[PDB]
Every structure is written in structure tokens, then in C-alpha cells.
Amino acid sequence: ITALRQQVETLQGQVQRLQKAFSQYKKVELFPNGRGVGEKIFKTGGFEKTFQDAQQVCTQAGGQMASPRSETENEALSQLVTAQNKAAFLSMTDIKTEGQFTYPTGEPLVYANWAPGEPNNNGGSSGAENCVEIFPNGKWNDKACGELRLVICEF
Amino acid sequence: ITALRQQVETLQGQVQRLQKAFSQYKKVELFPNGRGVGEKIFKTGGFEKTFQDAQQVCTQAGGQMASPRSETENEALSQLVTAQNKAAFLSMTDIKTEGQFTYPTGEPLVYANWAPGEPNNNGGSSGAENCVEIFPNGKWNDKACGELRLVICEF
Amino acid sequence: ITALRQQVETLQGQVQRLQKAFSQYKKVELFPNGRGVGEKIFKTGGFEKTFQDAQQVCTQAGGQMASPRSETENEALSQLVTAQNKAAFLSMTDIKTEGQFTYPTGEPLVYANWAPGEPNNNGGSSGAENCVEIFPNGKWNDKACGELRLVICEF
Ligand SMILES: OC[C@H]1O[C@@H](O)[C@@H](O)[C@@H](O)[C@@H]1O
Ligand SMILES: OC[C@H]1O[C@@H](O)[C@@H](O)[C@@H](O)[C@@H]1O
Ligand SMILES: OC[C@H]1O[C@@H](O)[C@@H](O)[C@@H](O)[C@@H]1O
Ligand SMILES: [Ca+2]
Ligand SMILES: [Ca+2]
Ligand SMILES: [Ca+2]
Ligand SMILES: [Ca+2]
Ligand SMILES: [Ca+2]
Ligand SMILES: [Ca+2]
């Protein structure tokens with residue numbers, strides 16, 4: 001029918017405006033504590049927690065901790081860490097097998113950006129160092145999971 | 001026609017992607033200062049104001065102060081109060097009739113979570129206590145409306 | 001066909017709910033650091049940077065610095081500056097031609113709200129004053145671009 005055609009063209013307009021409005025509100029939301037990379041979105045809570053606290057926080061929020069699988073994804077996190085001037089915990093650990101860092105899924109790294117001479121598993125008073133922190137410069141450093149670091153969740 | 005069918009199937013795809021993208025951006029927005037319960041959304045501004053200031057703030061923002069009508073809704077607020085480590089004002093008062101706390105609409109409570117021995121209307125120097133604050137543990141305490149408390153708005 | 005009609009009516013419902021949900025999530029996002037005026041959206045990052053830093057920040061985020069072209073737009077910014085209690089940089093400068101303040105595009109002001117006796121180009125130790133800051137009261141004051149001021153981006 002011809003009226004059905006009218007309803008469809010109306011929907012096209014409505015959908016177009018929804019798309020425009022949403023694109024704008026994506027940018028607004030991400031400023032300043034969020035970064036979009038691919039279909040991923042990293043966002044910092046602005047606070048610091050231990051690794052396991054941060055892991056619960058991100059999960060409770062409906063996401064997970066950041067698993068940067070590329071340089072572009074790693075760069076985004078670097079920007080958040082820089083803006084906050086606080087090193088942040090990544091999602092990876094080598095708790096299962098020492099020396100081998102893994103994603104929460106069980107699969108080994110497909111990307112890495114260790115700083116000079118890392119990891120080393122030397123946390124001093126803290127003891128072992130099974131988690132990973134990322135610096136403002138984007139470099140990685142294994143660190144005692146019990147330390148407090150910037151919380152960044154991946155959605 | 002057959003072309004109209006094509007336009008419709010195109011809209012289905014567009015709408016599906018809008019839905020997926022929006023679900024993701026809902027989670028992103030709510031982290032970390034927001035909680036979704038039913039069709040309600042609680043969000044903290046992170047700051048503290050008197051009851052009447054908080055009431056103007058929430059209204060100006062297009063919402064209202066939190067009227068937790070269930071344990072699930074009350075729990076959500078508890079999580080926000082805990083994260084901020086700041087007690088927050090609820091929307092209810094007994095200003096009209098002493099002893100009887102009411103929603104901004106005029107209707108009496110359909111849910112309550114008073115702490116041991118509350119309310120008591122004893123604010124000391126503050127005087128009377130006609131408003132309600134909620135603790136990190138989720139318990140309620142009547143308090144002088146003139147006090148500064150965490151602002152949480154309901155949308 | 002009749003089934004196509006069913007799919008279309010289904011889309012209408014889906015779109016209606018998307019619209020409702022989005023309207024709600026617009027209000028949530030804007031609280032408390034955002035203001036909507038027309039098709040524009042102002043949002044503060046909460047931090048302070050020099051004019052050129054703020055300009056990079058806003059651009060990187062996919063927007064620009066605030067170009068208030070009316071009293072309603074200026075009022076919105078005033079509300080953000082007030083809430084933060086921090087004067088903010090606007091997008092306008094007179095760097096090209098002294099005395100004549102311009103938008104980033106190259107066009108002269110279509111609106112202005114200078115405070116008593118401004119601008120004056122007297123920044124003391126700072127030197128010249130080619131940028132513009134806005135006070136909680138909404139009034140404008142030219143200021144050394146090298147100063148640190150509240151960052152507010154326009155999307
Ligand atoms: O506090 C322990 C940390 O000390 C830093 O200076 C580095 O040496 C890191 O490798 C180490 O994890
Ligand atoms: O400051 C007054 C408050 O003091 C607290 O210790 C409690 O006793 C509350 O009941 C009371 O509202
Ligand atoms: O610090 C310089 C500033 O000092 C303020 O008191 C005002 O006089 C401004 O006009 C001037 O830009
Ligand atoms: Ca180790
Ligand atoms: Ca180390
Ligand atoms: Ca009372
Ligand atoms: Ca009391
Ligand atoms: Ca000047
Ligand atoms: Ca001046």
C-alpha cells in the first residue's frame with residue numbers, strides 16, 4: 001500500500017535523527033574519561049583500587065578490565081592514564097603460570113609493550129608481582145596485584 | 001512493492017545496530033556513578049548540597065531526588081553512597097506532617113529501611129530533622145534538611 | 001504484503017522505545033557537567049588547562065571550545081562555570097587582529113557579554129591578553145591565553 005510506504009519513509013527520518021543524535025552523545029559521554037577504539041570503549045572511573053577490586057568493579061558494571069590487543073587500543077589507554085596522571089591496571093596476569101601473562105579468558109598475549117627490563121617480579125615489601133600496570137607513556141610494568149592503581153574498564 | 005521491502009529490511013539492520021550500540025553506551029555512561037533499576041536510573045553528581053539545593057539541582061537536570069520504592073532500588077543507591085563514601089539525601093520528608101515521611105508527590109512510603117532507633121528528630125544545633133539520609137550500608141536516618149549531603153538524582 | 005506491514009509496525013515500536021530510552025539517557029549523561037542548548041551540547045571536563053591545551057583537548061574529543069552565540073547558550077556555560085566555581089576559557093580570541101575577537105572560523109562575534117571595562121589587554125606578568133574567560137556570573141574577561149582555566153567543550 002501507499003500509506004505503508006509513508007510510514008516507512010517516516011521511520012527512515014526518525015532513524016536518521018536517532019543516528020545523528022547518538023553520534024553526538026557518544027562524543028559527549030566519552031569526554032573526557034572515555035576512548036573509543038573499534039567496537040571497544042575504555043573508560044576510567046577516576047579512582048584507584050587493588051587489581052581484584054578493580055576486576056569486580058568492571059564486572060559489576062557490565063564490562064571487564066582492559067585487554068589492549070593492539071597499539072591503537074594501547075594508545076587509547078595511554079591517553080586516559082596520562083590525563084589522570086595515574087598508572088592503571090590491565091586485565092592480564094601470570095597468576096596461573098609464572099612468567100606467562102594471560103587474558104582473563106585463558107589465552108596468552110597477542111600484544112605487549114613492556115618497559116625496559118620488565119617484567120621482573122620484584123615488588124619489594126609487596127612480594128610477587130603477577131599483575132600489569134600501564135604508564136602514561138603506555139609502557140607496561142608487572143606489579144603486585146595488591147597495589148592501588150587507576151581503574152579502567154572495557155565495554 | 002519489493003523495493004519497500006528492501007527499505008524495511010535495511011531499517012531492521014540499522015535499528016538492530018542502534019540497539020546494540022545503545023546498550024553498550026548505557027553501561028559506559030552508568031560507570032561508575034550510575035545505577036539502573038527497572039526503568040529508573042540513579043546517578044550521583046559527586047558533590048554535596050543541602051536538601052533544598054539538591055532538590056533544585058535534580059529538578060533543573062530534568063529529574064528528581066531518589067524515591068527508592070523497593071530493596072533493589074534501595075540497594076542501588078547504597079552502592080553509589082558506598083563508592084562515594086558519602087551519605088546522601090533521599091527525596092522523602094515529613095515537613096507537612098511530623099512523623100509521617102512522604103514522597104514529593106504527597107503519598108506515604110511504600111518502603112522503608114530505618115537504622116536502629118530512627119527517626120528521632122534530634123539534630124542538635126541543627127534543630128529539627130525533617131529529611132532522610134542513607135548510609136553506605138543502606139540504612140536510613142532522618143536528618144536536618146539544612147545539612148550538606150551527597151546529591152543523587154533519579155531519572 | 002501484510003507481513004511487511006507487521007514488520008513496519010514492529011519497527012515503529014522499537015523506534016519509539018529507543019527514543020524514550022535515549023531521552024532519558026541524555027538527561028543522565030548531562031547531569032551534572034553538561035548542558036543542552038538547541039542542537040549544541042556544552043560539557044566540562046572538570047579540569048583546567050591553558051587555552052591552547054584546552055583547544056587541543058576539545059578537538060581531540062571530536063568537538064571544539066564553546067562559541068556562545070546567544071544569551072541562552074551563554075547562560076548554560078554560566079551554569080557549568082558556577083557549579084565548578086572555576087572561570088572557563090571560551091573559543092574566541094583576538095590573536096589575528098588586536099581588539100577584534102573572533103570565532104575559530106574567522107568570523108567576528110554575533111554576541112558578547114563583557115564585564116565592566118573589558119577587554120583591557122592587561123595581564124600583568126602574563127603580558128598580553130588575547131583569549132576570553134567567562135565568570136560564574138556569565139560575564140566575559142579577556143585573559144592571557146597562557147593562564148589555566150576550566151575546560152568546557154562544545155559538541
Ligand atoms: O615497587 C616495585 C617497583 O619498583 C619500580 O621502581 C620498578 O623497579 C618496578 O620494576 C617495580 O615493580
Ligand atoms: O547530628 C545528629 C545525628 O547524630 C547522629 O549520631 C545520630 O544520633 C542521628 O540520629 C542524629 O541525626
Ligand atoms: O590578572 C589580570 C586580571 O586582573 C583582574 O583583576 C582584572 O583586572 C582583569 O582585567 C585582568 O585580566
Ligand atoms: Ca610474576
Ligand atoms: Ca616490576
Ligand atoms: Ca522530623
Ligand atoms: Ca536522627
Ligand atoms: Ca588582546
Ligand atoms: Ca582583562
# chains A, B, ... in the order shown; residues from 1 in each chain; ligands from 1
$ residues_near_ligand --ligand "ligand 3" --cutoff "10 Å" --atoms "only C-alpha atoms and all ligand atoms" --output "list in words"
residues 115, 116, 117, 118, 119, 120, 121, 122, 123, 124, 125, 126, 127, 128, 129, 131, 132, 133, 140, 141, 142, 143, 144 and 147 of chain C
$ residues_around --residues "residue 110 of chain A" --least-positions-apart "6" --cutoff "10 Å" --atoms "only C-alpha atoms" --output "number ranges by chain"
A: 67-70, 102-103
$ atom_distance --atom1 "atom CA of residue 10 of chain A" --atom2 "atom CA of residue 7 of chain B"
11.6 Å
$ interface_residues --of "chain B" --to "chain C" --cutoff "10 Å" --atoms "only C-alpha atoms" --output "number ranges by chain"
B: 1-2, 4-5, 8-9, 11-12, 15-16, 18-19, 22, 25-26, 29-30, 34, 39-47, 57-58, 60-63, 153-155
$ closest_residue --among "A:106, A:13, A:36, A:99" --to "ligand 5" --atoms "only C-alpha atoms and all ligand atoms"
A:99
$ select_by_dssp --residues "chain A" --states "strand (DSSP E)" --output "PyMOL selection string"
chain A and resi 34-37+40-49+64-65+88-93+131-134+140-143+149-154
$ select_by_dssp --residues "segment 18-125 of chain A" --states "helix (DSSP H, G or I)" --output "NGL selection string"
:A and (18-30 or 51-60 or 71-84 or 124-125)
$ write_last_selection --atoms "N, CA, C and O atoms" --output "short mmCIF file (atom, residue, chain, number, x, y, z; two decimals), in the first residue's frame"
data_model
loop_
_atom_site.label_atom_id
_atom_site.label_comp_id
_atom_site.auth_asym_id
_atom_site.auth_seq_id
_atom_site.Cartn_x
_atom_site.Cartn_y
_atom_site.Cartn_z
N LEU A 18 17.98 9.76 15.07
CA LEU A 18 18.48 8.97 16.19
C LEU A 18 19.98 8.73 16.03
O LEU A 18 20.74 8.82 16.99
N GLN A 19 20.39 8.40 14.81
CA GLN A 19 21.79 8.15 14.50
C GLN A 19 22.64 9.39 14.71
O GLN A 19 23.71 9.33 15.32
N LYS A 20 22.17 10.53 14.20
CA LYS A 20 22.88 11.79 14.38
C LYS A 20 23.00 12.15 15.85
O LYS A 20 24.09 12.47 16.34
N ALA A 21 21.88 12.10 16.56
CA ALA A 21 21.84 12.44 17.98
C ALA A 21 22.74 11.53 18.81
O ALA A 21 23.39 11.98 19.75
N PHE A 22 22.77 10.25 18.45
CA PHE A 22 23.58 9.27 19.18
C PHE A 22 25.07 9.48 18.95
O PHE A 22 25.88 9.33 19.87
N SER A 23 25.45 9.81 17.72
CA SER A 23 26.84 10.07 17.40
C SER A 23 27.36 11.23 18.26
O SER A 23 28.47 11.19 18.77
N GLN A 24 26.53 12.25 18.40
CA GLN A 24 26.86 13.40 19.22
C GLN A 24 26.99 13.00 20.68
O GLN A 24 27.94 13.38 21.36
N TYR A 25 26.03 12.22 21.17
CA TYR A 25 26.04 11.84 22.58
C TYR A 25 27.09 10.79 22.92
O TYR A 25 27.42 10.59 24.09
N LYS A 26 27.63 10.14 21.90
CA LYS A 26 28.79 9.27 22.09
C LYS A 26 30.03 10.10 22.41
O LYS A 26 30.78 9.79 23.33
N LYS A 27 30.23 11.16 21.64
CA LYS A 27 31.36 12.06 21.85
C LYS A 27 31.26 12.74 23.21
O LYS A 27 32.26 12.85 23.93
N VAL A 28 30.06 13.18 23.57
CA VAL A 28 29.84 13.86 24.84
C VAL A 28 30.17 12.95 26.02
O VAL A 28 30.87 13.36 26.95
N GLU A 29 29.66 11.72 25.98
CA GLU A 29 29.90 10.74 27.04
C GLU A 29 31.38 10.45 27.23
O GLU A 29 31.88 10.40 28.35
N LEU A 30 32.09 10.25 26.12
CA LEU A 30 33.50 9.85 26.17
C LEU A 30 34.41 10.96 26.69
O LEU A 30 35.49 10.68 27.20
N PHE A 51 43.94 -4.78 42.23
CA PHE A 51 43.59 -5.47 40.99
C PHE A 51 42.26 -6.21 41.11
O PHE A 51 41.41 -6.10 40.23
N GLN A 52 42.09 -6.96 42.19
CA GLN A 52 40.88 -7.76 42.36
C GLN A 52 39.64 -6.91 42.61
O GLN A 52 38.53 -7.28 42.23
N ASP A 53 39.83 -5.77 43.27
CA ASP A 53 38.73 -4.83 43.45
C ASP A 53 38.32 -4.24 42.11
O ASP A 53 37.14 -4.18 41.78
N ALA A 54 39.32 -3.81 41.34
CA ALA A 54 39.06 -3.25 40.02
C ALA A 54 38.37 -4.26 39.12
O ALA A 54 37.51 -3.91 38.31
N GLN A 55 38.74 -5.53 39.27
CA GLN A 55 38.16 -6.59 38.45
C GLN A 55 36.68 -6.80 38.79
O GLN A 55 35.86 -7.03 37.90
N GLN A 56 36.34 -6.73 40.07
CA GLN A 56 34.95 -6.83 40.49
C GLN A 56 34.17 -5.62 40.00
O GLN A 56 33.07 -5.74 39.48
N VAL A 57 34.76 -4.44 40.17
CA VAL A 57 34.13 -3.19 39.76
C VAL A 57 33.73 -3.21 38.29
O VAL A 57 32.58 -2.91 37.94
N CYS A 58 34.68 -3.55 37.42
CA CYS A 58 34.43 -3.59 35.99
C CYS A 58 33.37 -4.63 35.63
O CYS A 58 32.50 -4.37 34.79
N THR A 59 33.44 -5.79 36.26
CA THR A 59 32.47 -6.86 36.00
C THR A 59 31.08 -6.45 36.47
O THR A 59 30.10 -6.64 35.75
N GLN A 60 31.00 -5.90 37.67
CA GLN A 60 29.73 -5.44 38.22
C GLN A 60 29.09 -4.41 37.30
O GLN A 60 27.87 -4.36 37.16
N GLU A 71 48.17 -1.67 19.17
CA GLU A 71 48.83 -0.41 19.50
C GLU A 71 47.81 0.72 19.62
O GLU A 71 47.95 1.61 20.45
N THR A 72 46.79 0.68 18.77
CA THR A 72 45.73 1.68 18.80
C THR A 72 44.93 1.59 20.09
O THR A 72 44.58 2.60 20.70
N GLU A 73 44.63 0.36 20.52
CA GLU A 73 43.92 0.14 21.77
C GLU A 73 44.79 0.53 22.96
O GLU A 73 44.31 1.12 23.93
N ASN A 74 46.07 0.20 22.87
CA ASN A 74 47.03 0.54 23.92
C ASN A 74 47.22 2.05 24.03
O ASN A 74 47.36 2.59 25.13
N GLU A 75 47.23 2.73 22.89
CA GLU A 75 47.37 4.18 22.85
C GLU A 75 46.23 4.86 23.58
O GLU A 75 46.44 5.79 24.36
N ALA A 76 45.01 4.39 23.33
CA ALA A 76 43.82 4.95 23.96
C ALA A 76 43.94 4.92 25.48
O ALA A 76 43.69 5.91 26.16
N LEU A 77 44.33 3.76 26.01
CA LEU A 77 44.54 3.60 27.44
C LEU A 77 45.62 4.56 27.94
O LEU A 77 45.50 5.14 29.01
N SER A 78 46.67 4.71 27.14
CA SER A 78 47.76 5.62 27.48
C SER A 78 47.24 7.04 27.68
O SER A 78 47.70 7.76 28.57
N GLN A 79 46.28 7.43 26.85
CA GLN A 79 45.71 8.77 26.92
C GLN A 79 44.94 8.98 28.22
O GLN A 79 45.02 10.03 28.84
N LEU A 80 44.18 7.96 28.62
CA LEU A 80 43.44 8.02 29.87
C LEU A 80 44.37 8.04 31.08
O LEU A 80 44.16 8.80 32.02
N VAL A 81 45.40 7.20 31.05
CA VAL A 81 46.37 7.15 32.13
C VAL A 81 47.12 8.48 32.25
O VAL A 81 47.43 8.93 33.35
N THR A 82 47.39 9.09 31.10
CA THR A 82 48.07 10.38 31.06
C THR A 82 47.21 11.49 31.65
O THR A 82 47.67 12.27 32.49
N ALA A 83 45.96 11.57 31.21
CA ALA A 83 45.04 12.60 31.67
C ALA A 83 44.85 12.55 33.19
O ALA A 83 44.78 13.59 33.84
N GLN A 84 44.78 11.34 33.73
CA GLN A 84 44.60 11.15 35.16
C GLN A 84 45.94 11.24 35.89
O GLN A 84 45.98 11.43 37.11
N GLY A 124 59.25 -5.78 46.10
CA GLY A 124 59.77 -5.41 47.41
C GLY A 124 58.91 -5.95 48.54
O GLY A 124 58.69 -7.15 48.65
N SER A 125 58.44 -5.04 49.40
CA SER A 125 57.60 -5.42 50.53
C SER A 125 56.33 -6.12 50.05
O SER A 125 55.79 -6.99 50.74
#
$ atom_distance --atom1 "atom CA of residue 6 of chain C" --atom2 "atom CA of residue 38 of chain B"
28.0 Å
$ closest_residue --among "B:92, B:37, B:87, B:150" --to "residue 138 of chain B" --atoms "only C-alpha atoms"
B:87
$ atom_distance --atom1 "atom CA of residue 100 of chain B" --atom2 "atom CA of residue 112 of chain B"
11.8 Å
